[PDB]
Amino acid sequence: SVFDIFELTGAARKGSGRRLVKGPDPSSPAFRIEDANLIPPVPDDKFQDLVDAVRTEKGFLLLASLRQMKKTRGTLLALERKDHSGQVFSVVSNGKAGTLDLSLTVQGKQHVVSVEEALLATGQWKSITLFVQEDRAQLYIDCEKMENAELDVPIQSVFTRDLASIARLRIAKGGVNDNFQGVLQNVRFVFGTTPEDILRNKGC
């Protein structure tokens, strides 16, 4: 029902890619990224559960609290091929374009869509609620007007049955100079819940 990515990676391990810091959630640890390459990937079996949940729902709700350096491109999370030939999926807070970029690669074909009006790199804590279902993307920043975008392919087409055997979930690690610069907290995949239910318990 709820997959906190940092928890899964076991992210809290002494000084391996990040510094444990303060977050807007007094009850959870926040990580200031230092070397995303060192933050361990989500374990295969623990990733396999996410895959199935996504496949059951034909989508997911992703929540995240972030504090990102201005005008930078930071990968929130990505699915990288075990062979290292690239990524099959990624979510990037693009501070250069003022967007949240969603990339999906379906056997060679990579498709990228930008959710416009998404300034998440304003050096302060921001919280996002991204709802994805089939080929539809809905984004809510804090308590603001929702932004929408269409995927050229259904999200589940990326989350194949065997995905965990050929790819792994990484957090804060990008492709071309896209590692996340800043602080991340409660990056979680929530299932069996629509976006309204969530914003309903943030001042709105």
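Residue numbers run from 1 along the displayed sequence. Between two forms, the rigid core is the largest collection of C-alphas that superpose within 1.5 Å.
Visitor: Quick one: with the core lined up, is it 141-149 or 52-60 that wanders further in 5 other deposited structures of this protein, going by C-alpha RMS?
Guide: Clearly, after the core fit, the stretch farther away in 5 other deposited structures of this protein is 141-149.
Visitor: When the other structures are laid on this one by the rigid core, do the CA atoms of 2-10 or of 194-202 sit farther away in 5 other deposited structures of this protein?
Guide: Comparing 2-10 with 194-202, the larger C-alpha deviation in 5 other deposited structures of this protein belongs to 194-202.
Visitor: Mean C-alpha B factor from the entry: is it higher for 193-201 or for 1-9?
Guide: Here the higher of the two C-alpha B-factor means belongs to 193-201.
Visitor: Identify the stretch, either 117-125 or 101-109, whose C-alpha atoms have the larger mean B-factor according to the entry.
Guide: Looking at the record's C-alpha B-factors, the answer is 117-125.
Visitor: Highest recorded C-alpha temperature factor, please, choosing from 152, 142, 57, 44.
Guide: It is 142.
Visitor: Based on what the PDB entry reports, which of 48, 28, 157, 65 has the top C-alpha B-factor?
Guide: Among 48, 28, 157, 65, the highest C-alpha B-factor in the entry belongs to 28.
Visitor: Would the CA B-factor of residue 136 place it in the lowest, middle or highest third of its chain?
Guide: Lowest third of the chain for residue 136's C-alpha B-factor.
Visitor: Using the B-factor values recorded in the entry, state whether the Cα atom of residue 61 falls in the lowest, middle or highest third among the modelled residues of its chain.
Guide: Residue 61: CA B-factor falls in the lowest third of its chain.
Visitor: Which third of the chain does residue 173 land in by C-alpha B-factor: lowest, middle or highest?
Guide: Middle third.
Visitor: Give the position of residue 53 by CA B-factor within its chain, expressed as the lowest, middle or highest third.
Guide: Residue 53: CA B-factor falls in the lowest third of its chain.
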